[PDB]
Amino acid sequence: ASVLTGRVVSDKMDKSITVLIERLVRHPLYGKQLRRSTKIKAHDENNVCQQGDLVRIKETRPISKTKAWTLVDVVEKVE
Amino acid sequence: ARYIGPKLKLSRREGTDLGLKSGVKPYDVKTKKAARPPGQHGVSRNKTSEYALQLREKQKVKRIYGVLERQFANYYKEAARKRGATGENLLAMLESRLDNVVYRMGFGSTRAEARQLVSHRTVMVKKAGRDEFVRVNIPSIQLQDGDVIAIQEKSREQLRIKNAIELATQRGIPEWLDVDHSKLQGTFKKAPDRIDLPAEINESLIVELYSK
Amino acid sequence: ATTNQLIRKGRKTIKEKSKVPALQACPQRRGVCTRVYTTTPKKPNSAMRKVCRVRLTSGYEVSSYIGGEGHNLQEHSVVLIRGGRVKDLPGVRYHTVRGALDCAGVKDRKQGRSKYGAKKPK
Amino acid sequence: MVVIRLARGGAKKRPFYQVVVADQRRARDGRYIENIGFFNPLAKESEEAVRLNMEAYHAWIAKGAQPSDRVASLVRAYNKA
Amino acid sequence: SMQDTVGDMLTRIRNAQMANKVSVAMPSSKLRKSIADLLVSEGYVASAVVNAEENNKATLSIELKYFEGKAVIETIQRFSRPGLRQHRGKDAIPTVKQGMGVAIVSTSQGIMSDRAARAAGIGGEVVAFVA
Amino acid sequence: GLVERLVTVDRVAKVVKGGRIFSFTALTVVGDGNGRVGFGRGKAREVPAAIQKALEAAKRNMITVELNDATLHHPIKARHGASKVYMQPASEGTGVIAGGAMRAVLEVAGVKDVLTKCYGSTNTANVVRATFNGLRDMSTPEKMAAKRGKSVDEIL
RNA sequence: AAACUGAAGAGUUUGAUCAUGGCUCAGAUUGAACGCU
RNA sequence: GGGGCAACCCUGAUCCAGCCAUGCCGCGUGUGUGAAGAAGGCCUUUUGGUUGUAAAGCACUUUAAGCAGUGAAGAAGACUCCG
RNA sequence: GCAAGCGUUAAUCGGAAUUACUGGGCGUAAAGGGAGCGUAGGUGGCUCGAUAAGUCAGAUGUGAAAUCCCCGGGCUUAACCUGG
């Protein structure tokens, strides 16, 4: 399986969370990395994590049209 | 294709003997030209440039070895592909050709006569490790080390071969080639070295010409 | 041009358009001579250069030059047109292939026959 | 089913065959699951006309692929040789 | 503001060498001291000493060399500037002047020479070329 | 054993009140062929006299160079004014790859294998001067070892 | 063992110069067409 | 590859064949010897030069093309008899 | 000079460091925004730790075959085919 850790941008959706993932990609010609952020939607069964929390998700069978990830664990809480 | 025009005019343009004609008499007495370039104009102003010199050198080597530009370009490409000096490799290939080796052995008095004689399949080349002789009609075949050369039974008593052998003896036999006259058998044990080959020919110019 | 600037905007090569649009990226093109006339060259030169206004199968109405000495072209003659600008003729960007379809080759050409569609004399 | 078969390469009037494991439906020159051997109809005595991988062939036989008759005969000849 | 430190040290050395200064001093850091130690071991500078001053500061002083009137450091150029970092593998480290120079490489085993890193089979940040 | 080569011939005009005046300027590179090479510029009303003046200048403007068997020790990049010349050692048998102005001076030097490139201006005089400066700048591994106070083996 | 081999410029703005700057040629190439053969 | 227990049938896939110099490669259109340097063409200071060993003469050689033969290999052994 | 070919034309890259990451410039040749402020974003002082994401190294799987390259083999040579 694949595990990704990211901030949860939005928790408004019921039984759902949106996580932002930061990754570094090297530009082919120029060769300098650029920060890239892509939103990924995950399924939270108890809505444990509020917005701004850092969460780890793994790939899973599509629960819904836009969600293929699940909230296995929550590591850190926003102050 | 092979050049069909006057042999001497090529050597006159180059300004030095190309070996096209067998040296039965001195080259100077035979033709009494090549002191000046051919044609009506002869001596002329506006001396040639370095690119012209490179072109002249390439034309010299091609004319000496009776090899067209297309084959010469393939040979130069193979030389650059091969390890070591490109000019040395190209000269080695031009030596390796069958017509040249038979001419050095003396079966043919001249390189053109050797090329025709080989194309006619009188000469048989045995590759290393082969117990049966095979007739070849391509004079451009490269020779591997230790290859053996035989005259066919029909061609054993050729008059031109016999007349060519003693001219070859007067000219001298190269060390790498081993020739048995009685059996008319020639072995290519090693390829000619650059030091062995004529110093006057300049390999570098041919390499310069193909580099744009 | 810093690295960040190059990454953000980048480098751009504008592309040269063809100098022979009427050929539509083709070696030659067939047309019909809608006019056969003569014209004056530019300032340094003086002559009566033979030109034909031709409508090609590609739909353009372009002007082509008739090379060589003498020609049989006239109205409603089908000709073949290749590229090649005439330096001293403004607006003439094509050449008429001699001997291709109806443009006869030069009568007594001897040296550059293949450039003018003249058969080998026997 | 999966059939081991010869694939025709080489040059005109000079056939060279490549023994390949491929689906029966797919064409002779099409995709093949695996390559196990080369077969050369016309070859010198010193040269090895037939080369094959016994372990892979046995593996496919156990798996259930159905070898073609020509390949089976070539395998028999290789085994006896 | 000053967004580079290694480049500042390199240009300080270069300007001092062009001005024929006996020694060049600068604010000290462990990375600057390591680079100076590598230069000393390569023989481009005579010595490099860190004097601990007050207020938790330190001064790195490098004694420069001159051979036959000319500077020992023929050229010293920053490669991995802050704006564009360059990281290379073991077989991709650039050679300086056919190997007669030095490409300073900061590897996981410390800051060391390109030839030494090639011997160790290691790579890292190619920080500067000194010859 | 001195070899003289004429890089180029140029014609220049000087204007007096009465009428135009024509003069010839020549550039020649002359060298030993092993370690010593010079370039000279001569001006004369007559071409051969300009050639001779250029030779005389080149002889005094000889400098020494050091070479490994037949090739350059290391890549050399030089700028004289606008023009930029780049030189790269090549293996034996490659030959001299150069655009005339570089070729003349390299052949005077005696280098048999080299790769050259030019950037910006292609002017022959500037190219020659930049090449000459690059040859002067070049140094050998032993000289570098003495510079750094280390043995030849220690430094690669 | 080998795969690690590769870099040319020139004509043209000026009475002449250097730079800059465009335009043009020298090469390879092609499912190629047209002209002589 | 499809169907059939097999015999065998289908297969414009496939293997080949006809046309095209359309690209690449190879080969041939001959090879030696040949002077008051024939004749003619061209240039010329009108007499020399050049075409030019080029040619004629002379002695060979027959790859390719054409004729007469000869003759592999692509074939995996079917079926049938016997253990 | 090429040679069963030879040129012209059409197209692509090269030469063109003439879009310059390798590898260009901005006082006068084209080019510093009229000046400040500041959003996103880019970069960023010294010392002691945790972390190992970027970075480097090694292991595995994969990155189909052909084609490119190297060394051998077969076609009389070559193209061509072909094992590794």
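Here, the structure is the one placed above.
Residues numbered from 1 in each chain as written, not as in the entry; some residues may be left out. Chains lettered and ligands numbered in written order. Part of a larger assembly, values for the part shown. Heavy atoms only, no water. Residues with missing side-chain atoms left out of burial classes, pairs and counts.

**Focus: the overall build of chain F**
On a plain count of helices and strands, chain F comes out with 4 helices and 8 strands. For chain F, the α and β elements follow one another from N to C terminus as β-β-β-α-β-β-β-β-α-β-α-α. Along the longest, intermediate and shortest principal axes, the C-alpha atoms of chain F span 70 × 35 × 30 Å. Looking at chain F as a whole, 41% of its 156 residues are labelled buried. Intrachain contacts of chain F at a sequence separation of at least 6 include 51% that bridge at least 24 residues. When the accessible surface of chain F is split by element, carbon and sulfur atoms take 51% of a total near 8,200 Å². Considering chain F, the positive charge centre built from 24 side chains and the negative charge centre built from 14 side chains are found 14 Å apart. (Helix = DSSP H or I, 4+ residues; strand = E, 2+ residues; numbered from the N terminus. Buried < 20%, exposed > 50% of the residue type's maximum accessible area, 1.4 Å probe, protein only. Contact = heavy atoms within 4.5 Å. Areas by Shrake-Rupley, 256 points an atom, 1.4 Å probe, with all protein chains shown as cover. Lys, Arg positive; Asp, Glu negative; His and termini not counted. Charge placed at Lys NZ, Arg CZ, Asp CG, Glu CD.)

**Some points on the protein's contact with RNA strand I**
Among the 66 residues in the neighbourhood of RNA strand I, the closest are listed as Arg35(A), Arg11(C), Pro27(C), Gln3(E) and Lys30(E). Here, RNA strand I places atoms within 4 Å of the protein, and 73% of those atoms are sugar or phosphate. In the environment of RNA strand I, a base nitrogen lies 3.2 Å from a nitrogen or oxygen atom belonging to the side chain of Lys84(F). Take the surface near RNA strand I: its biggest share by element is 5 residues, from helix α3 (residues 50-65) of chain B. Counted by class, the surface near RNA strand I contains 24 nonpolar, 18 polar and 24 charged residues. (Near = heavy atom within 4 Å. Polar contact = N/O pair within 3.5 Å; in protein donor to acceptor, adjacent residues only side chain to side chain. Nonpolar A, V, L, I, M, F, W, Y, C, P; charged D, E, K, R; others polar.)

**Some points on the pattern of salt bridges**
Going through the model one piece at a time under the given rule, you end up with 23 salt bridges over all chains. A salt bridge links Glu42(E) to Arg115(E), with the shortest nitrogen-to-oxygen separation between them at 3.2 Å. Highlighted residues: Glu42(E) in helix α2 (residues 30-42) and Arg115(E) in helix α3 (residues 114-120), separated in sequence by 73 residues. Under the relative-accessibility criterion, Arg115(E) is labelled partly exposed at 26%. Salt bridges linked by common partners bring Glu208(B), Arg5(F), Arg103(F) and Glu107(F) together as one network. (Salt bridge = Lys/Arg side-chain N within 4 Å of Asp/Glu carboxyl O.)

In short, shape yes, function no, at least from these values alone.
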